Amino acid sequence: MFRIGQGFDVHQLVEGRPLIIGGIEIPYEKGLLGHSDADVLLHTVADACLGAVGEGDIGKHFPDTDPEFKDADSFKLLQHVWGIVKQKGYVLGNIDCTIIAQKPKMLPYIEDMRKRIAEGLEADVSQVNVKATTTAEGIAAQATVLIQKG
Amino acid sequence: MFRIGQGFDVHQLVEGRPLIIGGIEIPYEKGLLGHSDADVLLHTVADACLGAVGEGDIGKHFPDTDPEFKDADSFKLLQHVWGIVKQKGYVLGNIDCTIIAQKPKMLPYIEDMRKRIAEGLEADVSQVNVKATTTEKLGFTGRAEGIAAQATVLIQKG
Amino acid sequence: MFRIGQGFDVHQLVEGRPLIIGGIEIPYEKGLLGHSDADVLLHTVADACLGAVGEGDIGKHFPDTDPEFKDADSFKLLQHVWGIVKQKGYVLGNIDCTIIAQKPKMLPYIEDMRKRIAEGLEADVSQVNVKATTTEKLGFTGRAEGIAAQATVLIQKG
Ligand SMILES: [Mg+2]
Ligand SMILES: [Mg+2]
Ligand SMILES: [Mg+2]
């Protein structure tokens, strides 16, 4: 058995907050707006994993209104989501993710995002793909995941 | 043997139509514009299914020109599409779907959509995921001009 | 083993360039803007394929700044990508693609794009699905600024 999931998120850009994407802090004048660290890539990854196993989305498991998830580290939240997936008997097949952002340039941080995502999904880096495009009020991300019994 | 499909659709919100999403009636003062009931989520589920078996899209099977599909029930269209998938030898593995909408809030109706989609794919509700998110006021859906959806389906021999 | 990949791309329609989509030249007033032939659909197919094997995106293999990307034939680029997939031991499961464009009407060329993509992926036409949808006048594609495409691929050991 394999199962498929998909995630899509957008976060608003704003001054004063730090920019964190795929678990990596990126030097920039504007961070993303959110109640947790607002890592839009790790949120999308988490939502794709939740969706593959039929467990709604991260809003359902870590609500915005829950003070416990104020300034939450989104890598920790991904680890908990991955606990839910493992409990259903699944491991990672592979994941393919896209960051949509006009600025900053993501290329110098992509390889550490992949390591970080792999770590959070307990997989090898060869199972994780991250790309960026630009095509500027926010940063979006999309992810598609295939999980397998294991 | 597994096959993947993907659907993407977007409908304009207007005054003076019902809002029907995922086969569920949502009491709301705007609804979706289209030749059929405009059910954006069932259209993307149906497109994902047709995509997975190489049978085009709903436009091919139920065109806007042909007048007989005027105000058609999108649940009924989904069942006809599911008939095509079954004839090819496939059943549902699982489906993950996203509604993209600033308003209204979808969360009270999610479980019902999942039930209705499960019924249309002849599947267990554990096989169907539906989530709703906003674009944080950004874009055509962010400013309530329309509702978008996406769906990704995995089907398997059965 | 099966692997999944996803691609997404958007290109501007501009005056006096050919419109090449899915490897097929379509008669039209405008073409897509880019360094290569700007075939938005073959770019997304290529990206989905590279994504499935963890090899980045077309920009990693054929940067904009590479003089052989200038006016490159995106079908040849797809064949290069497919060689990468084949060296890892995979063949096509199936692919489902969507062209989002307000105009022109894709429907007369779809079958040819399917055959071309099938040829590039060394597969049967039954494994390739391509659908075309308009945006209902909404967004950047809805206001004829461009053409968008998405593709989801399932590959398998072969
Ligand atoms: Mg988020
Ligand atoms: Mg529709
Ligand atoms: Mg391109």
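Quick note on labels: first sequence line is chain A, next is B, and so on, each numbered from 1. Side chains are part of it too, since the values below use all heavy atoms of this structure and drop only hydrogens, waters and symmetry mates.
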I'd like to know whether [atom1] of [X] has more than 12 heavy-atom contacts from other residues, nucleotides or ligands below 6.0 angstrom.
{"X": "C:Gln79", "atom1": "CD", "answer": "yes"}
{"X": "A:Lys103", "atom1": "NZ", "answer": "no"}
{"X": "C:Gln87", "atom1": "CD", "answer": "no"}
{"X": "A:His35", "atom1": "NE2", "answer": "no"}
{"X": "A:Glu137", "atom1": "CD", "answer": "no"}
{"X": "A:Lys88", "atom1": "NZ", "answer": "yes"}
{"X": "A:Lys105", "atom1": "NZ", "answer": "no"}

| Which portion of C:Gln12 sits near chain A, non-hydrogen atoms under 4.5 angstrom | neither

Given a strict heavy-atom distance threshold of 4.5 Å, which part of [X] is in contact with chain C: side chain, backbone, both, or neither?
{"X": "A:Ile110", "answer": "neither"}
{"X": "A:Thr133", "answer": "neither"}
{"X": "A:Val145", "answer": "backbone"}
{"X": "A:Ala132", "answer": "backbone"}

| field | Stepwise side-chain contact (heavy atoms from CB on, under 4.5 Å) test for C:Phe8 and A:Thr98 | value | CA-CA 9 Å; C:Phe8 168 62; A:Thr98 303; 5.6 Å; no

Over all heavy atoms of both residues, which pair between [X] and [Y] is shortest? Give the atoms and the distance, please.
{"X": "A:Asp96", "Y": "C:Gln6", "result": "OD2-N, 2.9 Å"}
{"X": "A:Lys131", "Y": "C:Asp57", "result": "CB-OD2, 3.7 Å"}
{"X": "A:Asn94", "Y": "C:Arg3", "result": "OD1-CA, 3.2 Å"}

| message | I need the residue from A:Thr144, A:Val125, A:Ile4 with the largest number of non-hydrogen atom pairs under 4.5 Å to chain C. | response | A:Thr144

